[PDB]
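> Before we start, here is the structure in question, set down as structure tokens.
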Amino acid sequence: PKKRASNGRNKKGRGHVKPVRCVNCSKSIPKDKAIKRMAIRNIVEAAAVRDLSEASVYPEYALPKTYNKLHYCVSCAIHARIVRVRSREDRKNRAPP
Amino acid sequence: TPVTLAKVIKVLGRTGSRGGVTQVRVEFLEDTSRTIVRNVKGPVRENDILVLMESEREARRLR
Amino acid sequence: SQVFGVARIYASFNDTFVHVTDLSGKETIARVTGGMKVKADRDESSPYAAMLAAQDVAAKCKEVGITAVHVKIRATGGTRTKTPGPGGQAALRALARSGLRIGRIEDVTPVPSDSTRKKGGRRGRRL
Amino acid sequence: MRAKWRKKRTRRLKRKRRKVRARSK
Amino acid sequence: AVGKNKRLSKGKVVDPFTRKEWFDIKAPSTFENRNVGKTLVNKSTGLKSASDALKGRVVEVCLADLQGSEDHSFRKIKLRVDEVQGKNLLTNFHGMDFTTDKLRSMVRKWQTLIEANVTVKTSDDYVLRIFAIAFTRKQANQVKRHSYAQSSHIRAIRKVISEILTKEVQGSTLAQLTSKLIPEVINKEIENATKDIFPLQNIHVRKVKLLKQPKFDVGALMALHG
RNA sequence: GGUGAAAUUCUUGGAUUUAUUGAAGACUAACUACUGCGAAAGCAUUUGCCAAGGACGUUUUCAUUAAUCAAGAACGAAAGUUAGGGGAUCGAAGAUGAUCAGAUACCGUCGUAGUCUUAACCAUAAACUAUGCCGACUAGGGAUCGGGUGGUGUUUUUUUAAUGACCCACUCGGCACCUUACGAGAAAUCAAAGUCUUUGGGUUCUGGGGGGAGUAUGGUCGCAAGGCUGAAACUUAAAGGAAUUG
RNA sequence: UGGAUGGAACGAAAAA
Ligand SMILES: [Mg+2]
Ligand SMILES: [Mg+2]
Ligand SMILES: [Mg+2]
Ligand SMILES: [Mg+2]
Ligand SMILES: [Mg+2]
Ligand SMILES: [Mg+2]
Ligand SMILES: [Mg+2]
Ligand SMILES: [Mg+2]
Ligand SMILES: [Mg+2]
Ligand SMILES: [Mg+2]
Ligand SMILES: [Mg+2]
Ligand SMILES: [Mg+2]
Ligand SMILES: [Mg+2]
Ligand SMILES: [Mg+2]
Ligand SMILES: [Mg+2]
Ligand SMILES: [Mg+2]
Ligand SMILES: [Mg+2]
């Protein structure tokens, strides 16, 4: 029987969504169906910050960011310890943690 | 063949496929204020002293 | 007052590249990769390997006369992973601890404007 | 066996019957 | 993989740094600082004449060093070597560009991006391509959480930017323009020209790319390095 | 270089790498969301030209000119065919290295047809919201797109005006969403899948247990792969849907 | 202010 209201995506009124490729397994997947995540991370670490800061010119330089968007197929997303599973009525929950 | 004396300051938890290895945050006797995280084989508490064949390696932390 | 070089770490998977060049970039100095300091064929990207190579290249840098370096980190890019490898990050900390000075770190991973085609077929790498 | 491959096998069988019929007429 | 060579030689030592000497790169007048860096090449032998090997080189340097102030932190600058004057090889402008981390931080979702480009020509026969970028701004007292444009404001804004770039480059030779962009007066004009259309916060311009060069004319270059 | 681990491959004739240029073809990233347009398939760089369209506004006109439709007709994803051009990347067939008892499969490196474009064909899909179209009525909440109206509302221009962008109130037309079930259902669920034993607003198409079988035959289109229409003999007591406990 | 993919594994006579 039907398992989800949107049936696994966010397509209502389009028909075609111009798919993209999974970052890991390169499987094709519609853009809206994909499980896009935003990876914003500082360049170095939370550990070597002291080393670089002391061993660098330009005191208090920037420590800039790094931004990648990731797209996983459903199977890769489940296999990579992400949003895995939820119970029957709990699936309806929409908000992030 | 130089070696390094390092002092354990805080134990993290067990690690390894069979639970036979321990993760510790250890702190050098000489040139203090530097702390590194290493794996230990045998039984260990805090405040122990370790000797290292090398100092420049930080083990894969699982947290 | 100071002498600068340019690092250009290639933080790929399965291997790691470290070679410093002149500020112009046409002249290269002491190209050492992690794969020439181990005998595994599996550890070529290991952080220990990259660190050990980074110390070597830092030795050549110091004995030539370069004291500080500008950092350009980059991944495989193109249609491939676009995420930095494991050992390049360790190499950066290595050569920084080796004695040189650091300034103006940037990421130069080649990113396309929706390039041609990712390999693997429509249905993806199946394993 | 899977329905698609059933359909493909039938299509081949039809093609073979078609040509063997055309062999005589 | 040290022992992995099955065959090292398809068919079947000298230290290279004893042959190499340093050189000092000089920037044009339109910069607070002049000392850029240092570079290595071989002996200018009777068959190489290393000045030839230096003739077509490009060096990238951050603007923050050239101006001292750290507000020009990202702001990469490209300089082209043109003439070798006794270990003080000279350079002129070749291109400006943004840093990836900044560029990516410019763009955030739930707002409208506006982009424009142009292929204007200078008085000095230089042919330049300039890019401009903008993003919509949600004002103070905003309640709705996305604040998109209406795709006709974008058309008007892009038209205004396109024409204003030309009107700012036509007549100008090069160096005035360099000293217009160091204090970023160009983007300063944009909101004054567009505030009656839509807010448009954060109107930094973009990289600029050079396309075509006229004849050398040594003297003009020398004028920059007094 | 590749993987879980390796090998086929390329390297002292300098591979991988770094800088400066140049050429070719493909795509239009990040902005990009329970947002938009189109009858559907589908459609994401700028600018110009050509024609088209919905909604809104209207104290303009015709006056019932309308809804659904046998026969008939336009469009119709991808793959595929014929003849030119183009032919970077990926890549059915194929060649090869691994794993395995076997592995012409999954994994790795190459690689024709194809992937792009012009002139024609083909007319199928899980072409899906598995919910035909038109019209009326029936519960609450906020948010959003396009238009219109009111408000000493905020900001900016020239404090100030008209603008523009926001705020508050209202309305028409959209894509939907949150709560509840008077009601419906076998249930999953549904503001329609409701106003159906208290059984009737108008209308088109399709089905009568599962196989045999979308097969055979006969028509009809196509160069071809195939498309449209479409049986029977015989066999069988279960197939099937939704939920409960293991 | 974090972070790992990760090898091989075929089959079980009829009725209750
Ligand atoms: Mg199921
Ligand atoms: Mg569809
Ligand atoms: Mg080479
Ligand atoms: Mg785009
Ligand atoms: Mg839109
Ligand atoms: Mg009708
Ligand atoms: Mg059909
Ligand atoms: Mg159907
Ligand atoms: Mg209705
Ligand atoms: Mg409205
Ligand atoms: Mg509405
Ligand atoms: Mg709608
Ligand atoms: Mg019957
Ligand atoms: Mg029947
Ligand atoms: Mg069932
Ligand atoms: Mg058997
Ligand atoms: Mg068997």
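Starting from 1 in every chain, residues are counted up; chains themselves are A, B, ... following the order of the structure tokens, and ligands are numbered from 1 as listed.
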What residues in region 12-220 of chain E get the DSSP label alpha helix (DSSP H)? Please answer as a PyMOL selection string.
chain E and resi 51-55+63-67+100-106+153-169+175-181+185-194+218-220
> What residues have any atom no more than 10 Å from ligand 9 when counting only C-alpha atoms (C1' of nucleotides) and all ligand atoms, and can you list them as a ChimeraX atom specification?
/F:133-136
> Give me, as number ranges by chain, all polymer residues having an atom no more than 10 Å from region 48-60 of chain E, counting only C-alpha atoms (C1' of nucleotides) and skipping those fewer than 4 positions away in the same chain.
C: 22-26; E: 25, 36-37, 39-44, 76-85, 89-97; F: 19-21
> How would you report the residues lying within 9 Å of ligand 5, as a list in words, if you count only C-alpha atoms (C1' of nucleotides) and all ligand atoms?
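Using only C-alpha atoms (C1' of nucleotides) and all ligand atoms, everything at most 9 Å from ligand 5 comes to residues 148, 149, 150 and 151 of chain E; 35, 36 and 145 of chain F.
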> Could you list, as a list in words, all protein and nucleic acid residues with an atom at most 9 Å from ligand 1, counting only C-alpha atoms (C1' of nucleotides) and all ligand atoms?
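Counting only what the definition allows, namely only C-alpha atoms (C1' of nucleotides) and all ligand atoms, the set is residues 1, 2 and 3 of chain A.
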> Produce as JSON, numbers by chain the set of residues near ligand 4, where near means within 9 Å with only C-alpha atoms (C1' of nucleotides) and all ligand atoms considered.
{"C": [113, 114], "F": [28, 29, 30, 31, 44, 45]}
> The selected residues should be written to file as a PDB file, in the first residue's frame (atoms: N, CA, C and O atoms (P, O5', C5', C4', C3', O3' and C1' of nucleotides)).

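result00.pdb, freshly written:
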```pdb
ATOM      1  N   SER C 113      30.894  24.100 -13.471  1.00  0.00           N
ATOM      2  CA  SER C 113      29.525  24.583 -13.637  1.00  0.00           C
ATOM      3  C   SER C 113      28.685  23.526 -14.354  1.00  0.00           C
ATOM      4  O   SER C 113      28.293  23.678 -15.513  1.00  0.00           O
ATOM      5  N   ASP C 114      28.420  22.432 -13.636  1.00  0.00           N
ATOM      6  CA  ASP C 114      27.652  21.300 -14.160  1.00  0.00           C
ATOM      7  C   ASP C 114      28.334  20.713 -15.401  1.00  0.00           C
ATOM      8  O   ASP C 114      27.860  20.832 -16.533  1.00  0.00           O
TER       9      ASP C 114
ATOM     10  P     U F  28      21.435  21.616 -18.987  1.00  0.00           P
ATOM     11  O5'   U F  28      22.143  22.753 -18.123  1.00  0.00           O
ATOM     12  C5'   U F  28      22.300  22.617 -16.712  1.00  0.00           C
ATOM     13  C4'   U F  28      22.895  23.859 -16.096  1.00  0.00           C
ATOM     14  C3'   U F  28      21.968  25.072 -16.071  1.00  0.00           C
ATOM     15  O3'   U F  28      22.181  25.894 -14.911  1.00  0.00           O
ATOM     16  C1'   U F  28      23.883  25.579 -17.354  1.00  0.00           C
ATOM     17  P     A F  29      23.273  25.578 -13.762  1.00  0.00           P
ATOM     18  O5'   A F  29      22.811  24.205 -13.098  1.00  0.00           O
ATOM     19  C5'   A F  29      22.753  24.080 -11.685  1.00  0.00           C
ATOM     20  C4'   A F  29      23.950  23.349 -11.130  1.00  0.00           C
ATOM     21  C3'   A F  29      24.277  23.652  -9.675  1.00  0.00           C
ATOM     22  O3'   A F  29      23.504  22.892  -8.762  1.00  0.00           O
ATOM     23  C1'   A F  29      26.253  23.770 -10.979  1.00  0.00           C
ATOM     24  P     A F  30      22.376  23.602  -7.864  1.00  0.00           P
ATOM     25  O5'   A F  30      23.186  24.542  -6.865  1.00  0.00           O
ATOM     26  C5'   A F  30      23.858  24.017  -5.730  1.00  0.00           C
ATOM     27  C4'   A F  30      24.810  25.030  -5.144  1.00  0.00           C
ATOM     28  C3'   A F  30      24.179  26.345  -4.713  1.00  0.00           C
ATOM     29  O3'   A F  30      23.587  26.284  -3.427  1.00  0.00           O
ATOM     30  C1'   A F  30      26.141  26.771  -5.974  1.00  0.00           C
ATOM     31  P     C F  31      21.987  26.298  -3.277  1.00  0.00           P
ATOM     32  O5'   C F  31      21.539  27.706  -3.871  1.00  0.00           O
ATOM     33  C5'   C F  31      21.582  28.888  -3.087  1.00  0.00           C
ATOM     34  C4'   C F  31      21.068  30.070  -3.868  1.00  0.00           C
ATOM     35  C3'   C F  31      19.653  29.921  -4.405  1.00  0.00           C
ATOM     36  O3'   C F  31      18.684  30.302  -3.445  1.00  0.00           O
ATOM     37  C1'   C F  31      21.093  30.652  -6.141  1.00  0.00           C
ATOM     38  P     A F  44      15.784  23.993 -19.862  1.00  0.00           P
ATOM     39  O5'   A F  44      16.226  25.359 -19.171  1.00  0.00           O
ATOM     40  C5'   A F  44      15.602  25.801 -17.970  1.00  0.00           C
ATOM     41  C4'   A F  44      16.362  26.935 -17.330  1.00  0.00           C
ATOM     42  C3'   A F  44      17.864  26.708 -17.185  1.00  0.00           C
ATOM     43  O3'   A F  44      18.528  27.969 -17.232  1.00  0.00           O
ATOM     44  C1'   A F  44      16.893  26.927 -15.043  1.00  0.00           C
ATOM     45  P     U F  45      19.222  28.474 -18.591  1.00  0.00           P
ATOM     46  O5'   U F  45      19.921  29.844 -18.178  1.00  0.00           O
ATOM     47  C5'   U F  45      20.496  30.021 -16.891  1.00  0.00           C
ATOM     48  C4'   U F  45      21.538  31.111 -16.915  1.00  0.00           C
ATOM     49  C3'   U F  45      21.136  32.337 -17.723  1.00  0.00           C
ATOM     50  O3'   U F  45      20.318  33.247 -17.009  1.00  0.00           O
ATOM     51  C1'   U F  45      23.302  31.668 -18.361  1.00  0.00           C
TER      52        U F  45
END
```
> Let me have all residues with an atom within 9 Å of ligand 7, counting only C-alpha atoms (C1' of nucleotides) and all ligand atoms, laid out as an MDAnalysis selection string.
chainID F and resid 124:125 127
> Given the selection you just returned, output its residues as a file containing N, CA, C and O atoms (P, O5', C5', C4', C3', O3' and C1' of nucleotides), formatted as a PDB file, in the first residue's frame.

```
ATOM      1  P     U F 124       0.822   4.188 -28.660  1.00  0.00           P
ATOM      2  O5'   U F 124       1.123   2.862 -27.833  1.00  0.00           O
ATOM      3  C5'   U F 124       1.600   2.930 -26.499  1.00  0.00           C
ATOM      4  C4'   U F 124       2.995   2.370 -26.393  1.00  0.00           C
ATOM      5  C3'   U F 124       3.609   2.365 -25.003  1.00  0.00           C
ATOM      6  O3'   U F 124       3.184   1.256 -24.231  1.00  0.00           O
ATOM      7  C1'   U F 124       5.176   3.214 -26.565  1.00  0.00           C
ATOM      8  P     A F 125       2.334   1.469 -22.883  1.00  0.00           P
ATOM      9  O5'   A F 125       3.369   2.120 -21.862  1.00  0.00           O
ATOM     10  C5'   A F 125       4.634   1.515 -21.640  1.00  0.00           C
ATOM     11  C4'   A F 125       5.330   2.078 -20.426  1.00  0.00           C
ATOM     12  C3'   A F 125       4.468   2.840 -19.436  1.00  0.00           C
ATOM     13  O3'   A F 125       3.736   1.979 -18.584  1.00  0.00           O
ATOM     14  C1'   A F 125       6.515   3.989 -19.790  1.00  0.00           C
ATOM     15  P     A F 127       5.648   6.491 -15.023  1.00  0.00           P
ATOM     16  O5'   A F 127       4.743   6.241 -16.309  1.00  0.00           O
ATOM     17  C5'   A F 127       3.437   6.791 -16.419  1.00  0.00           C
ATOM     18  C4'   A F 127       3.438   8.030 -17.277  1.00  0.00           C
ATOM     19  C3'   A F 127       2.075   8.572 -17.676  1.00  0.00           C
ATOM     20  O3'   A F 127       1.465   9.354 -16.663  1.00  0.00           O
ATOM     21  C1'   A F 127       3.474   8.486 -19.576  1.00  0.00           C
TER      22        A F 127
END
```
> May I have the residues within 10 Å of ligand 16, computed using only C-alpha atoms (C1' of nucleotides) and all ligand atoms, as number ranges by chain?
G: 10-12
